[PDB]
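First, one chain by itself in structure tokens, the form deposited in one PDB entry.
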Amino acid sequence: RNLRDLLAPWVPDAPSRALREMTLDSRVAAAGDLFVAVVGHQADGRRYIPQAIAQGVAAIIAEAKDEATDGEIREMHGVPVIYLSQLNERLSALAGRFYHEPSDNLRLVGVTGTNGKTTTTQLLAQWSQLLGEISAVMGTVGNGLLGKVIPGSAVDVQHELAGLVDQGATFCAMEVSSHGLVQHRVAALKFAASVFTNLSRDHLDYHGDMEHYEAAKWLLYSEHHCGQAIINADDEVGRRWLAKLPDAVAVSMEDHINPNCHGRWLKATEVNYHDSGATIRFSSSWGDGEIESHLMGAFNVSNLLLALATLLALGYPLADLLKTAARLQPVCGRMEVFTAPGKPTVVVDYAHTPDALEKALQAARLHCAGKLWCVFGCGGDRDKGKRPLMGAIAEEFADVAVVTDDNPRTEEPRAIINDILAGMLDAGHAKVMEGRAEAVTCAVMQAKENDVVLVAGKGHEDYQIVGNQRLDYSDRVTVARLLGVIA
């Protein structure tokens, strides 16, 4: 790594300097490093130039605004200071070059939108790896090779992706946050494909506002290497964009494919939501088939179809995708289904808010021939407002509400339960059982073979905080033990 080579595309005849790491933070800027001084929302990195020089950085790249012209080479205490205009916009490209263009050395798929980003990202990584890739994820959960995700500037993005390349990753599914995109944090990444789970957003009822939102985004996307566009046609904005993008792949499970366009497409023709997942019949420009998904609810059908369409667009054979689809797993504690022969279906989900609980019950309902049970509580020593709302939701969208404990902490467990029950029309119809394990056992042991029991609130979070103790407890383990299966 050399300053001269680093800057060659932009600043010819830049000094020759060996560079260790690239950093925006003058605090950690050690000897031999390249310090990058950026002008930010409320901070100006150029302030910390003398400090960085004092810690022995090899060279500095600094925002040119007001202080210099673009590509201006200066020299302070023997250290090169190269000024570049619009450094924020160029930082991704700069870092990309520094870290040997990691997105050109694996298949990078970017997923954007509000809902289903995490799941779709995870399914992309899972499915690609089942097809022979060494897959990785980058996003809100964390970064890492599949099953070793460790819990973010344009430099960090490039740096982490290079780290994954070094660990042998050949495929990376990246969640792209709306904010990350706008702030040019993925500006120079070569995306093999970009998946749009949706492009809708609240607060856009004024026609001028929707117009500006779309223009802003369209402009942004025009400036990125998006690769193959895979768009959810069940989204209103998605459809309008698909109408303008003849090379984009349209995906639908609600009959929004327009075949007159002769574009590439994938649609679910029918779905059977059964006790252990969904059987998805689909047609596509690549051929038709049938997938046995072990994921629950309509949203996860959409998410799966988006991943399928993406991988098909990237040229993975339909037959191989079909042969591996049954091995796709739910994201841990996200509508994770547990079945056993002749037992009720039990779903463990992390849902701990009124909206999450409602969605999880609506999803569970689809797979439920009999009665839908909901076992849940609310956290103690936290905001109490959601309690009656979650009570009301459990009453409305389930057949049997089993109200129990969930991390009561120092608060009186029964008081929390009372707040939950307060929101119900017929609290008397609810079952109350304290001891969460006992409540789960009650639902599971009493529920019929064709019932579904949703156990909500914890998902993967395997502890019960009672008083000051994080006592060892797991919904997944409790459920697995009751059903005679392995969590």
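Take the two forms, superpose them, and find the largest set of C-alpha atoms that agree within 1.5 Å; that set is the rigid core. We number the residues from 1 along the sequence you see.
The following text describes the form deposited in another entry, which does not appear among the structures shown.
Superposing on the core, which single option in 190, 239, 365, 90 has a CA shift of 2 Å or more between the shown form and the other one? The displaced C-alpha is that of 365.
Pin down for me whether the residue 202-residue 236 Cα distance shrinks or grows in the other form relative to this form (closer or farther, change of 3 Å or more). It is farther: the C-alpha separation of residue 202 and residue 236 rises by at least 3 Å in the other form.
Cα-Cα shift for residue 216 and residue 303, closer or farther in the other form, minimum 3 Å: The answer is closer, because the C-alphas of residue 216 and residue 303 approach each other in the other form by 3 Å or more.
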